Amino acid sequence: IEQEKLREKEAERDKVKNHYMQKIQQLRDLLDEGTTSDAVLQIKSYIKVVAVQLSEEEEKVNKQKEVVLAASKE
Amino acid sequence: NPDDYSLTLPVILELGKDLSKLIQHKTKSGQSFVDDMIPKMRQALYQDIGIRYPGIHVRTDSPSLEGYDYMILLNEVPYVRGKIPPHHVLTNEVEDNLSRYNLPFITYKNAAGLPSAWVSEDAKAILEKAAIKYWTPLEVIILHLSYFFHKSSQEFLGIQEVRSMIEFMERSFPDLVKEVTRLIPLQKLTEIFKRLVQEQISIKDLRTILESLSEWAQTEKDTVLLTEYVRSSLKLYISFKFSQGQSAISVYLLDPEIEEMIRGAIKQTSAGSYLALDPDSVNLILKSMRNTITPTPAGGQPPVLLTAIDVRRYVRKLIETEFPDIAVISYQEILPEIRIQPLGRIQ
Amino acid sequence: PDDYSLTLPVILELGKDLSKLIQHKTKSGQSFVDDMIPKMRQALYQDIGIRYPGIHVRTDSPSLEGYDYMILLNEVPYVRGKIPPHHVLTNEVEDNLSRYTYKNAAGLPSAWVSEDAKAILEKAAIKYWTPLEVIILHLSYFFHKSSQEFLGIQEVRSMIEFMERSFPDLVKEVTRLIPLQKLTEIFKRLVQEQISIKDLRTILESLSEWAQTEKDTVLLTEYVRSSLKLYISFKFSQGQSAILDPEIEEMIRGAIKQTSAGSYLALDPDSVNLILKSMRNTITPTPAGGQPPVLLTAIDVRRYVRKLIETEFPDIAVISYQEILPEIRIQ
């Protein structure tokens with residue numbers, strides 16, 4: 001049952017990973033466009049926000065890898 | 001009395017004999033070197049930069065100079081020598097122009113932020129008719145002194161001048177001053193002023209600087225972060241300085257890989273965040289600098305570098321050593337109404 | 001000798017033609033420099049509680065054409081202006097242009113009409129502005145949109161010591177609880193949303209009540225707002241009673257972060273599009289020169305809403321339930 005939990009947690013991390021890379025790409029392409037400073041400040045603030053959500057997802061993935069390794073050592 | 005102490009003379013200008021006789025006489029606009037031009041230089045510098053620069057001691061007939069040579073002294077120590085081509089005046093004109101009227105040009109780039117185009121001084125009315133401003137060699141001395149005092153802010157902003165300007169401020173803004181000196185000790189305040197005028201940030205607008213300090217030093221006592229907050233509260237002055245009156249500002253940018261390897265610079269093991277950075281990269285970025293730069297003409301000002309917010313000062317501290325004529329700014333120090341034109345891609 | 005010089009707050013640069021115009025008296029024979037600018041200052045002080053400094057006029061700018069003008073904030077120019085020659089700015093209905101265009105700042109009208117037509121506009125009940133009055137309006141827009149740099153700590157001290165002449169023991173009670181810097185911060189947080197601070201008495205009473213108990217600046221600003229019920233209601237209902245979605249309210253409970261000294265907008269970024277997409281398709285355009293409509297929020301989240309929506313629509317006032325008189329009646 002722990003492999004299914006691992007798949008759950010890896011999907012929940014990968015959705016956040018995809019959103020974070022989308023935000024990075026949008027940062028880069030609004031830098032390339034020539035937007036204003038409002039846009040770049042706001043997107044950098046939102047990236048600083050979603051960094052914590054990415055790190056929480058990574059920590060949950062690490063906990064689930066701990067539990068899956070423990071169940072393998074069973 | 002020859003049996004006392006004497007105070008160190010800040011800035012001495014030695015001339016050889018011919019320039020010393022040239023400063024005897026009045027100019028076209030009738031002005032004296034010693035009585036008009038130097039004070040007007042001082043006042044213009046004070047309007048440009050927030051700095052009270054001291055008066056100048058001019059000694060004629062130097063043994064150590066030819067007659068058309070000059071020398072400037074920092075604290076009774078000579079700092080840099082100059083030469084003047086005889087019977088030539090310095091105006092920055094493009095090589096195209098220097099050959100579009102068939103005048104002489106002599107290439108002599110005397111200091112770095114100054115023109116490099118010397119034309120025989122009998123051609124003055126020609127340049128007036130062609131609407132080209134030219135500078136008297138005395139005015140060339142004035143320009144070179146001005147370049148000195150811009151580049152040598154650091155040696156003249158010490159603690160007693162900071163005290164003098166604060167005590168002028170007390171006449172008008174005494175409770176603001178009292179709050180600031182509750183928040184910031186006088187030596188650390190002088191350090192903040194020094195780190196501002198490092199990047200040619202004027203402190204003429206003392207009011208906004210003191211207001212920003214009295215906001216931000218409620219929480220933070222590091223001098224350098226407070227300097228960063230003063231910069232980010234001088235959005236308006238920075239934008240007017242660098243975007244030069246436009247709808248838009250035309251800057252360079254970094255590469256995000258460079259930004260994410262200058263997160264390498266962290267030094268939390270020490271008190272200050274001194275530079276923990278791969279040694280080779282001081283060439284590795286800098287080559288991509290040298291092949292990117294537009295050479296600005298000499299009477300204007302250089303292209304700007306736009307960085308991420310937290311790494312602006314490290315970039316400036318790195319790149320001042322070869323290119324003192326880069327202004328580094330980051331996103332927080334411009335108005336978020338300006339359109340930024342992405343035209344460097346430096347990797 | 002040389003000395004220091006003080007930073008000059010507001011400098012008004014003029015071209016040659018405007019500099020010749022300000023020599024002479026206006027239609028009612030009153031002066032630009034001696035009456036109209038002081039009257040602007042007095043009206044601004046009566047509308048919002050702020051003592052603006054006197055105005056530094058330099059004529060004959062080298063850098064402007066003769067009907068052009070420039071405004072300086074702390075000897076740094078803020079916005080350049082133009083005046084069409086011999087035109088007055090009169091908001092029309094566009095069809096008028098064929099029964100009988102320059103938008104200068106974003107709250108100035110966009111209709112310049114040749115100045116000879118005065119009796120037509122007086123008979124037709126059409127209000128007109130002198131170009132001098134247009135300068136007055138643009139300066140007023142400046143000082144509304146640039147309040148923040150003129151409400152500093154020494155002016156707060158000056159108004160407090162004016163107050164001490166009448167309410168000294170109230171002042172001493174307030175300043176026992178509250179340092180002067182935090183009081184100036186409260187004033188700035190008020191005048192961010194164009195809340196006037198002319199009525200110092202009610203603000204000081206609310207402070208002297210609430211600051212026994214609360215030492216956060218931001219809650220005290222909220223309580224001053226909730227004690228200015230009457231002023232807010234009169235501003236916003238125009239003397240009437242009746243002239244937002246729960247899901248957003250229940251997702252702004254997400255923004256609880258208070259570990260540091262301040263709070264933190266802690267929110268899925270995409271909602272900055274979720275409000276705004278529905279926001280632009282809901283807004284009524286109120287007539288140019290009027291008052292945009294007014295946004296009603298939950299009590300504790302008002303500041304977050306105002307901080308969010310100022311960026312594109314700065315001239316829309318966020319208030320919450322506690323800040324209106326308790327008798328007045330999309331996502």
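For the structure, check the block above.
The rules behind the values
Residues numbered from 1 in each chain as written, not as in the entry; some residues may be left out. Chains lettered and ligands numbered in written order. Part of a larger assembly, values for the part shown. Heavy atoms only, no water. Helix = DSSP H or I, 4+ residues; strand = E, 2+ residues; numbered from the N terminus. Buried < 20%, exposed > 50% of the residue type's maximum accessible area, 1.4 Å probe, protein only. Contact = heavy atoms within 4.5 Å. Areas by Shrake-Rupley, 256 points an atom, 1.4 Å probe, with all protein chains shown as cover. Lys, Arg positive; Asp, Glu negative; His and termini not counted. Charge placed at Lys NZ, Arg CZ, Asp CG, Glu CD. Pairing = 2+ DSSP bridges. Axes fitted to C-alpha atoms, helices over the stretch in contact; angles between N-to-C directions. Salt bridge = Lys/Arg side-chain N within 4 Å of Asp/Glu carboxyl O. Buried area = accessible area lost by both parts, 1.4 Å probe. Polar contact = N/O pair within 3.5 Å; in protein donor to acceptor, adjacent residues only side chain to side chain. Nonpolar A, V, L, I, M, F, W, Y, C, P; charged D, E, K, R; others polar. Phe/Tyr/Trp six-rings, centres within 6.5 Å; stacked < 30°, edge-to-face > 60°.

Asks: What should I look at first to understand the overall build of chain B in this one?
Replies: Across its full length, chain B holds 14 helices and eleven strands. With respect to the principal axes defined by its C-alpha atoms, chain B has extents near 60 × 55 × 40 Å. Across the 347 residues that make up chain B, the buried fraction comes to 45%. Contacts spanning at least 24 positions in sequence make up 71% of the contacts within chain B whose residues lie at least 6 apart. Surface accessibility of chain B: about 18,400 Å² in total, with carbon and sulfur atoms responsible for 52%. For chain B, the distance from the average position of its 39 positive side-chain charges to the average position of its 44 negative side-chain charges is 2 Å.

Asks: Even after reading the chapter, I still don't get the sheet that holds strand 1 (residues 10–14) of chain C, so can you show me in this structure?
Replies: Neighbouring strands of a sheet are bound in pairs by backbone hydrogen bonds; such pairs are parallel or else antiparallel. Strand order in the open sheet formed by four strands is 2-1-3-4 (chain C), with mixed pairing between adjacent strands. Since the sheet does not close on itself, it has two edges, and those belong to strand 2 (56–58) and strand 4 (76–82) of chain C, each with one partner. Strand-to-strand, the axes of this sheet are offset by a mean angle of 20°, without reference to chain direction. Examined bridge by bridge, strand 3 (residues 68–73) of chain C and strand 4 of chain C share six bridges and lie antiparallel to one another. Note on strand 4 of chain C: the bridge partner recorded for C:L73 is C:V76. Contacting strand 3 and strand 4 of chain C, helix 11 (residues 235–243) of chain B runs over the sheet at an angle of about 65° to strand 4 of chain C. Where helix 5 (residues 131–145) of chain C meets the sheet, it contacts strand 1, strand 3 and strand 4 of chain C, and its direction lies at approximately 25° from that of strand 3 of chain C.

Asks: What am I meant to see in the pattern of salt bridges here?
Replies: Oppositely charged side chains can pair when the atoms bearing their charge come close. All names here are of chain B. Applying the stated rule across the entire model yields 31 salt bridges over all chains. Here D96 makes a salt bridge to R100, at a shortest N to O gap of 3.8 Å. With a relative accessible area of 45%, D96 lands in the partly exposed category. A residue is classified by how much of its surface remains accessible, and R100, at 59% relative accessible area, is exposed.

Asks: What am I meant to see in the pairing of strand 3 (residues 69–74) of chain B here?
Replies: Strand residues, when the strand is regular, have side chains that alternate between the two faces of the sheet. All names here are of chain B. Extensive coverage of strand 3 is indicated by the burial of six of its six residues. Of the two faces of strand 3, the one carrying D69, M71 and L73 and the one carrying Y70, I72 and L74 are both buried. Bridge count between strand 1 (residues 11–15) and strand 3: five bridges; the pairing is antiparallel. Bridge pairing in strand 3 links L15 to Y70.

Asks: Before we go on, may I ask you to explain the interface of chain C and chain A in this structure?
Replies: The interface of chain C with chain A comprises eight residues on the first partner and nine residues on the second. Between chain C and chain A, roughly 720 Å² of surface is buried when both sides are summed, and carbon and sulfur atoms account for 56% of that area. Summed over the three residues of chain C that lose the most area to chain A, namely C:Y264, C:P269 and C:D270, the buried surface amounts to 50% of that side. Seen at the junction of chain C and chain A, the total is one salt bridge. Where A:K23 meets C:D270, a salt bridge forms, and the shortest distance between an N and an O atom there is 3.7 Å. At the boundary of chain C and chain A, one finds one residue pair in polar contact. Counted by class, the side of chain C that touches chain A contains five nonpolar, one polar and two charged residues.

Asks: What should I look at first to understand helix 10 (residues 223–233) of chain B in this one?
Replies: Residues separated by three or four positions in an α-helix point in the same direction, a consequence of the helix having 3.6 residues per turn. When we look at burial in helix 10 of chain B, the residues that qualify are B:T223, B:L226, B:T227, B:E228, B:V230, B:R231 and B:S232. Against the buried residues of helix 10 of chain B lie helix 8 (186–197), helix 9 (206–216), helix 11, helix 14 (312–319) and strand 10 (327–330) of chain B.

Asks: Teacher, can you tell me more about the side chain of A:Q64 here?
Replies: Residue and element names in this part refer to chain A. Along the chain, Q64 falls in helix 2 (residues 37–73). With relative accessibility at 7%, the residue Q64 sits in the buried group. Engagement of the side chain of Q64 in a polar contact is seen with the side chain of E2, the distance being 3.2 Å. The contacts of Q64, once residues within four sequence positions are left out, are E2, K5, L6 and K9.

Asks: Help me understand the packing of aromatic side chains in this model?
Replies: Describing an aromatic ring pair means giving the distance of the ring centres and the angle of the ring planes. Residue and element names in this part refer to chain B. Under the definition given, this model contains 17 aromatic pairs over all chains. An angle of 80° between the planes, with centres 5.3 Å apart, marks the rings of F148 and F149 as edge-to-face. Its relative accessible area of 1% is what places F149 among the buried residues. When the ring of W216 is compared with that of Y229, the centres are 4.0 Å apart and the planes differ by 20°; the resulting orientation is stacked. Highlighted residues: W216 in helix 9 and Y229 in helix 10, separated in sequence by 13 residues.

Asks: Sorry, what's going on with the sheet that holds strand 5 (residues 88–90) of chain B here?
Replies: All names here are of chain B. Read from one edge of the open sheet, three strands run 5-7-6, paired in antiparallel fashion. With one partner strand each, in any of the chains shown, strand 5 and strand 6 (106–107) form the two edges of the open sheet. Summarising the sheet, strand 6 and strand 7 (residues 117–120) pair through two bridges and their orientation is antiparallel. Bridge pairing in strand 7 links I106 to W118.

Bear in mind that shape data such as this cannot, by itself, settle questions of function.
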